[PDB]
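One structure is given here, and the rest of the page talks about it.
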Amino acid sequence: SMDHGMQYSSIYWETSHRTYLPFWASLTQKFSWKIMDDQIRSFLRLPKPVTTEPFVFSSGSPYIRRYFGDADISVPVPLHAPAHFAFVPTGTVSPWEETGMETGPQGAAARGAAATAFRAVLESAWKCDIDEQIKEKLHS
Amino acid sequence: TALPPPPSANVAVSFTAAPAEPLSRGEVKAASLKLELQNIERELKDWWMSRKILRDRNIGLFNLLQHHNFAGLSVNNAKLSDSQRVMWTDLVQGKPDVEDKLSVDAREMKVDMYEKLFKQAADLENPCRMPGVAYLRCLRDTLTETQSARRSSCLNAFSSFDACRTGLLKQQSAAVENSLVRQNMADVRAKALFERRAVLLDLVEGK
Amino acid sequence: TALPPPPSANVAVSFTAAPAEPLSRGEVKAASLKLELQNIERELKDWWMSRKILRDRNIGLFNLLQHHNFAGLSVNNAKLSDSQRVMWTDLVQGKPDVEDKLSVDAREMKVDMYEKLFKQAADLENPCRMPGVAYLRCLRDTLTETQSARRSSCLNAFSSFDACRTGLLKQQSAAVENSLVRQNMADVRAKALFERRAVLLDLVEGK
Amino acid sequence: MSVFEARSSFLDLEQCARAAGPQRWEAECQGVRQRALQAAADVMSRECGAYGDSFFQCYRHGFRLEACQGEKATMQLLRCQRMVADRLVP
Amino acid sequence: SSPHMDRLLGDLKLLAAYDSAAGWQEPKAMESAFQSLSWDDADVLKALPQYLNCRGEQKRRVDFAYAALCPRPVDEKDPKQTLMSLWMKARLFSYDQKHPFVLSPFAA
Amino acid sequence: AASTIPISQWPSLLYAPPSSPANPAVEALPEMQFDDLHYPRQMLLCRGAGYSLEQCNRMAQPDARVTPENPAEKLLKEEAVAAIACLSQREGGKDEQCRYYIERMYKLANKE
Amino acid sequence: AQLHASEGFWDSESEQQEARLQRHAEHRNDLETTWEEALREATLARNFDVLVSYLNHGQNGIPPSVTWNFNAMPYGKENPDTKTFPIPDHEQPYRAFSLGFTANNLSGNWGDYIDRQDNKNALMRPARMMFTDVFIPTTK
Amino acid sequence: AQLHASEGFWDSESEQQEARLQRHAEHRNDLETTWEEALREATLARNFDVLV
Amino acid sequence: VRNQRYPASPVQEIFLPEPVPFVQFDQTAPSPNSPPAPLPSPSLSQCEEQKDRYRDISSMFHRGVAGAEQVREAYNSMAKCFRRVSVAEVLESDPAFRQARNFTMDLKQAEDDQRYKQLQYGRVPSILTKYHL
Amino acid sequence: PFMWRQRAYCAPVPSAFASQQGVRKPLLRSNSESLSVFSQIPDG
Amino acid sequence: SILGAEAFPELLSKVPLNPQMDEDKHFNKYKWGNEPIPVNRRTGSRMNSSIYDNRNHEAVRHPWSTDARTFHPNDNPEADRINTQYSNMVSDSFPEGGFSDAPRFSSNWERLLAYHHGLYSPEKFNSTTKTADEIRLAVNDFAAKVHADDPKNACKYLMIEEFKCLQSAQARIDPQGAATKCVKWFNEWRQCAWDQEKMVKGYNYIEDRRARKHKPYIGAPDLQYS
Amino acid sequence: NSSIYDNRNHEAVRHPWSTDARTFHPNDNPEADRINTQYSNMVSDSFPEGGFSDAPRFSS
Ligand SMILES: CCCCCCCCCCCCCCCCCC(=O)OC[C@H](COP(=O)([O-])OCC(O)COP(=O)([O-])OC[C@@H](COC(=O)CCCCCCCCCCCCCCCCC)OC(=O)CCCCCCCCCCCCCCCCC)OC(=O)CCCCCCCCCCCCCCCCC
Ligand SMILES: CCCCCCCCCCCCCCCCCC(=O)OC[C@H](COP(=O)([O-])OCC(O)COP(=O)([O-])OC[C@@H](COC(=O)CCCCCCCCCCCCCCCCC)OC(=O)CCCCCCCCCCCCCCCCC)OC(=O)CCCCCCCCCCCCCCCCC
Ligand SMILES: CCCCCCCCCCCCO[C@@H]1O[C@H](CO)[C@@H](O[C@H]2O[C@H](CO)[C@@H](O)[C@H](O)[C@H]2O)[C@H](O)[C@H]1O
Ligand SMILES: CCCCCCCCCCCCO[C@@H]1O[C@H](CO)[C@@H](O[C@H]2O[C@H](CO)[C@@H](O)[C@H](O)[C@H]2O)[C@H](O)[C@H]1O
Ligand SMILES: CCCCCCCCCCCCO[C@@H]1O[C@H](CO)[C@@H](O[C@H]2O[C@H](CO)[C@@H](O)[C@H](O)[C@H]2O)[C@H](O)[C@H]1O
């Protein structure tokens, strides 16, 4: 329901805003010297742009120009089928699995050294308390 | 209440912590135990959540029925009038019949009350509706008569009505019994799973 | 493909079909067997769906990597150029070093190629990136020298590089082994569950 | 590292203490003592890590979260430790 | 019956409270915290001068733990912050010299 | 007075925080570090060298690349010990019982 | 522009999420139907190899991990999500100037090409017609 | 008219369905949180009566 | 509920804002030129009410009509009374604290000292030392 | 090159994950090209 | 034997850990009181933001059932925000405890499939906001690694700044919103890469002669630019 | 959804479970000749004979 829409906003001209168009503007028309310049260059053998040559020296990898019906409209296209490399081992990561909940080195490392250190500190304090309890129990 | 999410590393660990040596027999057995534990916990959660949801829903239904002052085959309502209770107990357990002491107009009124009550109680999908309505229609036909002469004519319909009635009662009893049995079996199974999980946690290994 | 939905009654059955008598011992045992069967089927479905999804995803990843012409620590790519393959095998397994036969400009070019390749291969999260870049920087510093004089200076960094390298290799091997073991255990468990379900279906009762 | 192992370690400790005596136990039973404490510590970590991580998170966030309100963040951890001790040492 | 654990958790709570009161501009609350920060522990008092002179692996362990707990560098001019830091480090040093720390995830 | 800090000014808020009664060392905030990859990297390097897990765990050491230590703990040692003694004896310095030592330390550290 | 549309660049985050959900749901339904079929066949045959063989009855590549869209790009004269370093005034452009006894362009602001605003203030917006030499109303 | 609005009479089927879904989700989350808490307590106490 | 720092916010903030407070000490009172006098050495002769009230409240809690806050309060009072003598023993025995006890210094020497030049934080080593490069 | 799942502007286009397609068009393209005007259109 | 005797000094000495606890337990040690953080800012769900989206200000849809009550950012904040630290600022744009749209998967294959289709990541769903200290630690580690990678690089601080802005905007839990902020530093890094390359490999162009009206006015100074 | 006074009109109905959002489209521009005018062929213009494709498979 987007095509053929109604006029949603109003069209108007504010009082005394200028138009910058004379009465012969409709008979006026545009012009570019580019076509004539190209003809003259071709006839006088003037320096040509490098876009006339399909091969591209502007990079190290091979590029070839694809032309759209004219030498003025071109795009470079790479020829290489680039080989990519990964200095990575396979099967070393399972991102879907939450690893902070599983017990193990991978779990602690998905957690952090701060949490592991805190756990170790709690462990040490608990061991101190339990050693005191063991002493007071076995001395009896 | 819930716990806060667990802490995560600030620096990115991609694979640096991955093991550089294959697992051992004890670690494999520990992994198997972990899987068994998670399966047990899944079963326990299913049982517990089903039990909780059903209990809550049924207590809510009971409170709603008590709020709207409902009465069923098991007459367990204290806010009932004695007359309404007598009429409902006659429809459920006894025999609806008009007394000879009443005038014909009062008999018509009593039969209309019976019919209104029973039609509001039983819908078209209910099996006992047709027998009940037939019996009450026979009563309407035999208003200007005595109970002795009305029995011979209305018995053939009261029989079917009482049959459907007793069928519903037996259905209710059997439902209660079967639900109790199933519930108890499920609870026993859950308890056994809990003890199995306890022993597996005593045997688990790791840190 | 799927089956069509099962047929439903046209006339409304509300409770007319409910049992009017409590269940029996055999029926209770059959219900217990049905519950066991459904649990077994749930476990089997979990195993099968996980296996299927993982297989599909990993085959798709392999096809994508083959389509984009990727090469990893296990050099299993046939569309590689011999020069690229030599360079990658030196970065993974051998020792990157510039030959004395080359001119200084060609040595600089070779080191730049090594650096570009290794930086595209290893990201900042990778552990071996810093040792590799340090070794290549030492090479850049020691271009105008012989291999004999360059070894004494670059060995201290090549050691760390080779250590990280071998660590990654061991990680990959251990991952393969552990995944195989876990997969085989899961498949054996699924097969056992299937046989248990078969015997329970031979014992099931009802119609 | 497991409850069974920790209980066996504590039994070894107690029997070696009964063998040595109340005067030379602290000098003759150090290795068994350390092993028992380490096993009990592994058990405590495994069974109370969640609560420790929760307290760590609350401390990081200044006890501004919902689960950090009140004293449960601490009482849960203390109760877990007490339960582990009462299950191991006696 | 768990004094070490209790006082550790209390000191952590009081550090958090001091930080919050500083953020909210509350001298009364932050001084209350500083005063309640368990200054009457003989063990930590006796370990303080030992930590002030320790060196090597023990010091590195204690500093690693203190960076895990309180990684923010306190202002070198605030004696209250300096003293609370010293007290926490001395407590950790006492715990470590009684039962050393095991900070690595890999262990057996 | 204290106006809201939009989300676009948070990176500067992290390394140039506003003034508080308990400020950190802003000049040292870029030096606060705590590596979560220390032990994983150590183990990886050792296993690549060829050591076993036990040898790696015995050779492991805690990270030295952590937040630097406060120089006050070495320069104001005696004054800090005296202040801590005063606190331990006077219940944390309630009703200004360690103002003496605290002010001596503050002067030594600030110098107007 | 059509190439961008194939990649979902002009789509919103809601539309991207809905497409992702649609793929998820189709895949899930296919999987569950295949499981039902496989289980039925393996039950009537009493063999596990049938279940195993049903694992390859359906792998081109993978779904994209992340997506980028046009609405995620920031815009705004005051929006600090576009400000890295101040642009010098001798490089910033000028706004048009119109001033006369009859009309001006200083009593209002029309805005940018994207973020437009009404030039008239609230009190005279209901009387916009009165500030125009010509007015073409909406279609409704 | 305000009474009708309390009962959701002026609301559309989409809005009714969304409210229904919202109730469903709140209830589900409450249930799962309560289950996690109950399981933790019953595991630290090793007793089924706590779950009950 | 908030007690605004600037009730006349549009006007007060401009010409009389609030400064960052100073918490090390009051700063409005004179500076003592002498240390505190050594308090009398304590002993267990002052734990009477603490011990007896802790016993009473623990008994009443075992009954179930006391509570836990009272128990904690009483136990902490008693523990403070004991920590007093523990700390006194530590201070009087350990030699490292004798200097701290007989420590004395004046604001003039404090201002004349020059240790504040060396209060600069260090620099964390390079991350290459992890790989030993 | 550090936070790939969080930096989608530096990620490949969804047509690259598909494993299917004189000289051919490149198989791998990024979304960062959207930040260039003459990346796809010509400079004619 | 009572539990936790020496562990609640906050309770024994009426020390509040925050103005909320102060107001609750009636300690009254916060001179400025407390302005409660409402529930819509304490918790909530992820929402669509752009005005060029039809479902704007609506909760994000997931494969799982989710509470659709959204987190509302602070759009009309009070003039005085006494605590201008990151702790109190982050609550205006994210909930500290994370969003309330996390799933509890009934099975592992559902999790697998969600991840495979790009609808779930634990890094994104089971997590809290990052504290300023954590952000700084991460940024400083990344900066050290980049410096070790290459000191004589010009785009180094630009890469560090995009990393910093991502971390500050919490890209772990709001990746799209954070990229919306950091793409500018990415673009600057791209430009710096080209500039460094053209300085290394000498790349220049023939500049044309000076234009006849390079100066708008003869009396104007023509400041020379490299 | 069907009503024009609904904002999500012509959009699939949302359920607690994941559902394919491709909707059944009624026959709005039917051909003049509908040779079979039996209920069998008429019902397909407003409902799918095999039912809708939004059925759940509950995990529990
Ligand atoms: C109180 C203050 C006092 C102090 C003063 C203070 C100020 C001092 C400074 C001076 C002011 C400077 C201010 C800054 C100016 C900037 C703004 C500006 O200038 O432009 C704004 C304004 C903005 O317009 P715009 O929308 O932006 O469009 C801009 C375009 O560029 C232009 O738009 P355009 O091109 O569309 O408009 C041109 C227009 C007019 O252009 C012309 O006509 C060209 C001029 C020719 C003039 C000579 C011909 C006169 C013929 C008279 C004979 C009539 C019959 C006699 C009857 C007698 C009885 C009544 O063209 C037409 O409309 C159609 C005519 C086409 C034919 C023209 C050529 C043929 C001419 C011969 C006729 C032949 C007919 C044959 C028909 C076919 C038969 C087969 O520009 C204009 O409006 C331009 C026209 C202005 C005309 C104003 C009408 C009044 C003229 C009298 C002025 C006062 C006279 C004083 C006494 C002297 C006379 C006696
Ligand atoms: C960061 C700091 C920055 C700070 C700021 C810095 C600022 C920048 C730097 C500034 C540096 C300083 C530079 C100096 C200041 C710049 C000023 C400037 O450039 O101006 C720009 C600015 C315009 O720029 P703009 O961007 O284009 O603005 C928009 C357009 O203006 C919009 O155009 P519009 O749509 O509104 O249309 C206007 C229309 C307006 O057209 C009319 O008003 C004409 C109406 C005539 C009606 C009666 C005509 C009767 C004639 C009949 C002829 C025979 C029949 C022929 C039939 C066809 C002709 C009708 O067209 C014209 O304007 C025509 C102008 C050209 C003709 C001029 C005629 C001059 C004759 C003078 C006569 C003197 C008599 C003296 C006798 C003394 C008494 C004894 O100036 C204006 O304000 C424009 C209006 C100017 C007023 C002209 C009014 C002339 C009326 C003459 C009536 C004579 C009747 C006498 C009767 C009394 C005796 C009985
Ligand atoms: C060179 C100076 C001398 C020549 C003067 C030229 C004409 C002066 C222009 C008209 C002055 C009054 O302009 C009137 O106030 C401002 C102008 O920005 C506009 O007001 C509008 O923009 C302002 C921005 O500042 C907003 O605060 C206001 O909410 C909005 O309505 C009105 O729409 C306009 O009607
Ligand atoms: C005795 C020496 C001669 C005395 C007379 C000097 C007259 C010079 C003024 C003429 C106008 C020059 O205006 C402008 O300046 C210089 C030339 O001067 C040119 O500038 C351009 O060409 C000159 C070559 O000489 C380059 O050095 C310069 O880098 C380039 O920008 C412009 O193309 C010209 O447009
Ligand atoms: C049928 C008969 C046809 C007659 C043909 C007559 C041809 C006449 C051609 C003259 C063209 C000159 O064109 C103009 O000249 C001047 C100097 O001369 C050039 O040079 C001028 O501009 C450029 C830069 O803008 C610089 O060189 C310099 O600043 C200035 O000298 C202009 O760039 C050029 O646009």
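Numbers restart at 1 for each chain; the letters A, B, ... are given by sequence-line order, proteins then strands. What you see below is based on every heavy atom in this structure, not just the backbone, and it leaves out hydrogens, waters and symmetry mates. Both counts, for ligands and for their atoms, begin at 1 and track the order of listing.
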In terms of side-chain geometry, is the basic nitrogen of [X] or [Y] positioned less than 4.0 Å from the acidic oxygen of its partner?
{"X": "K:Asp80", "Y": "I:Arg5", "result": "yes"}
{"X": "K:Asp149", "Y": "C:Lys119", "result": "yes"}
{"X": "G:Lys77", "Y": "G:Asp115", "result": "no"}
{"X": "A:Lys34", "Y": "A:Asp38", "result": "yes"}

Quick one: does [X]'s side chain have a donor or acceptor within less than 3.5 Å of a partner on [Y]'s backbone?
{"X": "I:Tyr6", "Y": "I:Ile14", "result": "no"}
{"X": "F:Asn23", "Y": "F:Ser20", "result": "yes"}
{"X": "K:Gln224", "Y": "K:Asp222", "result": "yes"}

Can you produce the list of protein nitrogen or oxygen atoms under 3.5 Å from a nitrogen or oxygen of ligand 1, alongside each distance?
{"residue": "ligand 1", "atom": "27 (O)", "partner": "A:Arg18", "partner atom": "NE", "Å": "3.1"}
{"residue": "ligand 1", "atom": "27 (O)", "partner": "A:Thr19", "partner atom": "N", "Å": "3.1"}
{"residue": "ligand 1", "atom": "27 (O)", "partner": "A:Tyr20", "partner atom": "N", "Å": "3.4"}

Taking only non-hydrogen atoms of G:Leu99 and a 4.0 Å limit, the atoms of ligand 2 in range are 22 (C)
How would you list all residue pairs meeting disulfide (SG to SG under 2.5 Å) that involve residues 76-109 of chain G, not counting sequence neighbours?
none
For residues 80-133 of chain G, pull every pair meeting ring-ring contact (aromatic ring centres under 6.0 Å, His included), keeping only residues two or more places apart or in separate chains.
G:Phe85-K:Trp185, G:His90-K:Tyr225
Sorted by chain and residue number, the residues having a heavy atom closer than 4.0 Å to an atom of ligand 5 are K:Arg209, K:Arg210, K:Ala211, K:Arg212
Are more than 12 heavy atoms, taken from residues, nucleotides or ligands other than K:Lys198, located less than 6.0 Å from that residue's NZ atom?
yes
